[PDB]
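The form deposited in one PDB entry is given below as one chain in structure tokens.
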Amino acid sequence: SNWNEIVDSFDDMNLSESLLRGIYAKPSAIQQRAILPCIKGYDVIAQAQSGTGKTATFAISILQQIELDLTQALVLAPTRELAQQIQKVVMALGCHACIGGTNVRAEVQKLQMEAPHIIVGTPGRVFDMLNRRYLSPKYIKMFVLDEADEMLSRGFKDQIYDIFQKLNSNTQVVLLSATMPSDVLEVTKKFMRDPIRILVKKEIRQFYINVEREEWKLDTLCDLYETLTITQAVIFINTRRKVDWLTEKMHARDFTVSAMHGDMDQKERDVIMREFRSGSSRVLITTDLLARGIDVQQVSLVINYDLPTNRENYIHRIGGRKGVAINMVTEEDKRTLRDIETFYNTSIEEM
């Protein structure tokens, strides 16, 4: 890494107003090393784990360097899933994600007449669309390569090369990736002239009780309520219907409680978060699904009412650092929890 000069402040890159409206709805990660670098029009290359931070960094640049009078930006992601989240996150500061569902003729009909705004997609789809001239390589001075390592190992090589040989030489090229094998190096070479090499790498008590009947779970949860009695806690159960079930069972038992399910759209979804920070909604019941948008930061307590069936999700639940994690287990769940204590040499102790 050759550029260690950082910009920690709120407002050094004298950002415009079409910008501080979204930051509202402390930039520290890769996002301060690269904060300004692009905002002019430089080619950069960062080695960073994609959390919600990395994929927020460049999202900013793109919208800053816009012109709302004219598509002018191109972002490539390893999957269609990651492409939509990007699109939301992006539109969430004021751009159209590429589906190839059975809905494509209305999609592209949409994209001929007046559509091209900003664009993000997989290398494969985006190419197809550039070719079929559905997408215009014209005034597109920004080229982002998100998670290149992943794009590459998914066999996206050709398409990435082809898509550039389709664009002007002037274009800004930013590549992001957690790792840098020889194929990733090779592209910086052939795509960029004189790059900024960044690197921000390397980037909690846990118990378990033993309810013997799975009906005892609601009960050992209202034990804990007396004995937690905080004005904040998040409860992870595994299914929408269980979320609803248990929410009812709480009112039943005169405990106020908050329910984040999944057919509650984003409109009134965020209704709670803001009030949950206030200590108003005492407890928050959720699936780790619509943890799509959640804040497990100001949450000093997390109850896994159901164990996550996937290790890697276990880490997305638990969340400076300061919080606790309580896990409920049943006599047929127990076989397979000591299994989580094998990818994790960090212990989970008896209650």
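Take the two forms, find the largest set of C-alpha atoms that superpose within 1.5 Å, and that set is the rigid core. Just count from 1 along the sequence shown to find any residue number.
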Enter the number of deposited residues without atomic coordinates between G94 and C95, binned as none, 1 to 3, 4 to 9, or 10 or more.
4 to 9
Indicate whether the chain is continuous between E203 and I204 or, if not, how many deposited residues are absent from the coordinates: none, 1 to 3, 4 to 9, or 10 or more.
4 to 9
Higher-B stretch (mean Cα B-factor, as the entry records it), 111-119 or 236-244:
111-119
Segment of higher mean CA temperature factor, 274-282 or 120-128
274-282
Based on the PDB entry, the highest CA temperature factor among the options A77, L221, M264, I163 is that of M264
By its CA B factor, does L307 count among the lowest, middle or highest third of the modelled residues in the chain?
lowest
Among the modelled residues of this chain, does the Cα B factor of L301 put it in the lowest, middle or highest third?
lowest
Where does the C-alpha B-factor of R154 rank in its chain, lowest, middle or highest third?
lowest
By the record's CA B-factor, is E268 among the lowest, middle or highest third of residues in the chain?
highest
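The same protein also exists as the form deposited in another entry; that form is not shown, yet it is the one meant from here on.
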For the set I86, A233, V184, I198, which residue undergoes a C-alpha shift of 2 Å or more between the shown form and the other one, given alignment on the rigid core?
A233
Flag for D244, CA shift 2 Å or larger between the shown form and the other one after aligning core:
yes
Flag for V108, CA shift 2 Å or larger between the shown form and the other one after aligning core
no
Could you check whether the CA atom of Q47 moves 2 Å or more between the shown form and the other one, using the rigid core for the fit?
no
